[PDB]
Structure formats: C-alpha cells, structure tokens
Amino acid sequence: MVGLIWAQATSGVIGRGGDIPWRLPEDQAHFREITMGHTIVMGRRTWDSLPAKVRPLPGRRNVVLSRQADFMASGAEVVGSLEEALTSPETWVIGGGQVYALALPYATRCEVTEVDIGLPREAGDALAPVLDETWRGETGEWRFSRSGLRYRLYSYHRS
C-alpha cells in the first residue's frame, strides 16, 4: 500500500537546494503523528537531507530508495525497487519529489500541507506531485502557524 505526504508552498515547491525553505512546528507534529510506527520510504537524497543526527526517524521502518547494492543507509533499509519496501501494511512516501511521482501510481492518499509562501518556481526545485482529475479532497481552513506563516492541511483519497 502507499500514502504520500509532503509540505508544499503554494507554488508547488517541496525542496530547494537539498533543504526546505521554511520550518513549521505545526507541520512537524502532523508529520510525526501520521508516520509514527508506520513504514517511511524516502529517496536517497532526502536521506542525506536528514542529518545523521536525527537518522533514522524514531519509531518507524526507515526505507531509503536507491538503485544499487553499493549504498548503505546506516540505520535503515536500502531497496532497489519501491516494492521491496511495501512489505509492511502502511507505507508512507515521505519524499522527495521523485519517489512521489514514482509512488503516485501505488497511492490512495496524499496528505499535503500547503504553506502560504510566495516562492517562485526556480530551476532544480523539487516539486509536489501532479494530482490529476481522479483525486478528491477539499481546501482546508487557513491555519496560523506560530512561525507566522499561514498553512492548511489536505487529505486525498482515490478509487
């Protein structure tokens, strides 16, 4: 099974320069709640974005998506295929932009935080998936982060 979770600016950006152009403790607990205990899959670059000092994320089955037998994610599992990770019952695709579009076929749910930040689409930006006609959800209430940036939450299901 697959879920996709990501935090995006309005413009669609999920990463820039290997980090995230914001920080939102409202989004952080949201992300911990949904993924705690479940399987988390991330691309290799996302894994690098995790300081070795919060790696792995605690309480979850950390899976790093790479292509070779020659990469070690230390404290995690390194699988050449997406499908090698989906051995558990809930699997959460936690980025970045590749795995998303790679996992979007297997996916029924997208949990999306939309940060109200005016972030023009720069080249090389990692981007949130392209959710076609099929997906359904509705716009949330613009909620106030202590950060001072509006955010809102989205949930999608498709069948």
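Residues carry their position along the shown sequence, with the first being 1.
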Query raised in the report: Of 9-17 and 144-152, which one has the bigger average CA B-factor?
Result: 144-152
Query raised in the report: Which is higher in the entry, the mean Cα B factor of 116-124 or that of 65-73?
Result: 65-73
Query - Top Cα B factor in the deposited entry, candidates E33, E26, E111, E133 - result: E133
Requested in this report: Sorting the chain's modelled residues by C-alpha B-factor, tell me whether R60 ends up in the lowest, middle or highest third.
Outcome: lowest
Query raised in the report: By the record's CA B-factor, is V2 among the lowest, middle or highest third of residues in the chain?
Result: middle
Query raised in the report: How does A52 rank on Cα B-factor within its chain, lowest, middle or highest third?
Result: highest
